[PDB]
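A quick write-up on the structure given underneath.
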Amino acid sequence: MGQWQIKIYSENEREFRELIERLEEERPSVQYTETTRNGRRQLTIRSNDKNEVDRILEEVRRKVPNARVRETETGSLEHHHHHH
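Counting in the deposited numbering, the sequence shown runs from 1 upward without gaps.
Set out below in structure tokens:
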């Protein structure tokens, strides 16, 4: 249970431009946002579907050898769940 968010950190131009184009061309269409913060650009990708996020996840690892990626699954990410 939770939305999947892929944060890509890649400094080179080819790396980001690959994913940017792919996300628009992948049927139907993938949500994303690029923002150059702290001197480096970050591609924050927001997916609705699992098979979709898996396509994006491999796409950055296969197309981009300069990929610092952390998939943050926004849903169940609370600190120490209160069982009591």
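A virtual CB, placed ideally from N, CA and C, is assigned to each residue, including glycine.
Reference residue i, options the options, closest by Cα
{"i": "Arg55", "options": "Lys7, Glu26, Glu34, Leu43", "result": "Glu26"}
{"i": "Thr36", "options": "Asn12, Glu24, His84, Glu59", "result": "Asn12"}
Beta-carbon gap between residue i and residue j smaller than 7 Å
{"i": "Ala67", "j": "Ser10", "result": "yes"}
{"i": "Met1", "j": "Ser47", "result": "no"}
{"i": "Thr72", "j": "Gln3", "result": "no"}
Separation of residue j from residue i, as counted between CA atoms
{"i": "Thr44", "j": "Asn51", "result": "18 Å"}
{"i": "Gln42", "j": "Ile8", "result": "6 Å"}
{"i": "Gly39", "j": "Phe16", "result": "15 Å"}
{"i": "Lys63", "j": "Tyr32", "result": "17 Å"}
{"i": "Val69", "j": "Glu21", "result": "18 Å"}
DSSP three-state assignment for residue i, whether helix, strand or coil
{"i": "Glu73", "result": "strand"}
{"i": "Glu34", "result": "strand"}
{"i": "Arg27", "result": "coil"}
Chain C contact for residue i (CB, 7 Å cutoff)
{"i": "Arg27", "result": "The structure shown contains no chain C; it is built from a single protein chain."}
Residue i classed as buried or exposed, judged by whether at least 16 other C-beta atoms fall within 10 angstroms
{"i": "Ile6", "result": "buried"}
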